[PDB]
């Protein structure tokens, strides 16, 4: 039997230049797996706790030496000798060792580092693909990506209200071709921006961050780039939004930059009337029940409505929201909950209720590509992992292309958005 022998953890930087951890789980046979932990910027209030050192003289308080210490001093003795293959058991051990609902004692970043690295150690021990180890023999669906080509909100300093302006290459016959379509639209957009004397520096997720007059102008630019690249909007490539509305929600006044939730739903409904948008993420704030209810009644039968901060990849919140008729899709961010076991259960509970799930990066990413394998492992049919620049995004597309090529005739590229324009 192959068991956990040691766990190493080290401080690296993420794609924004902030500390995070890389964790390596080592077995008694010398096999190992290694994973790094991402970090959000527009973090939901109910996300599991990312533990930072708060040393003001070191990385402006953002070190993760304490989380690393917790891996080495607490999680190692708790996990040594347990089977590398008993993923659920190990995740339960770490949850119990922390003992708090939001993983505040040890840190969700410490625990997730181990959780991801453990699964890789087990797959590497078997010499099997991670997506097959995690998802079984019938993991075979490549996800349709939503690609964030213009960045705003907390991912830039351009004053753009919405956070993410995305394209979805829904007519692609393969993931490899979806990547090409997105890359050709992205670089057509760069030239369009340059000719308009607009900035081509990229924001945190690799999309351009120009100063624009409105959310609509960003959607206009995406349409122009789609057509300039030779594709047909709606037919070949549709549009998607992450408003990340909690970022501009005044909880005291209950206003979205001055707008009531009714006004904000009307704004979103108008955008869907005029643009080929087939998905809207976090259109209302994380705890605005009346707003989400009205959004779901208004658009929930015609557009994908993605809860991100609404659900924070949390099985209990997902069940609660589904029971209340809120949204129809769930963004899946493993570090919002802190273990792969809880990530899998969030996917399972949403899926059996007819909700789509979308594996997602964070705005602070690493060279880790685990979410590519996760999207295929669970046959989710959708992924959100960034623009077509910056290799903390590109590496996931490269990994998806490798998975697709490896599977050969087993692979199926298929969008799971039932409201797709195709």
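Positions refer to the first chain, counted from 1.
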{"item": "Residue stretch of maximal mean CA temperature factor, 7-15 vs 407-415", "value": "407-415"}
{"item": "Residue range whose averaged C-alpha B-factor is higher in the record, 149-157 or 270-278", "value": "270-278"}
{"item": "Residue selected from 254, 140, 333, 180 by maximal Cα B factor", "value": "254"}
{"item": "Which of 202, 114, 130, 284 ranks first by CA B-factor in the deposited coordinates", "value": "284"}
{"item": "Within-chain third of residue 120 by Cα B-factor, per the entry", "value": "lowest"}
{"item": "Chain third (lowest, middle, highest) by recorded CA B-factor, residue given as residue 249", "value": "highest"}
{"item": "Third of the chain's Cα B-factor distribution that residue 339 belongs to, per the entry", "value": "lowest"}
{"item": "Position of residue 60 among the chain's modelled residues by C-alpha B-factor, lowest, middle or highest third", "value": "middle"}
{"item": "Ranked C-alpha temperature factor of residue 134 among modelled chain residues, by third", "value": "lowest"}
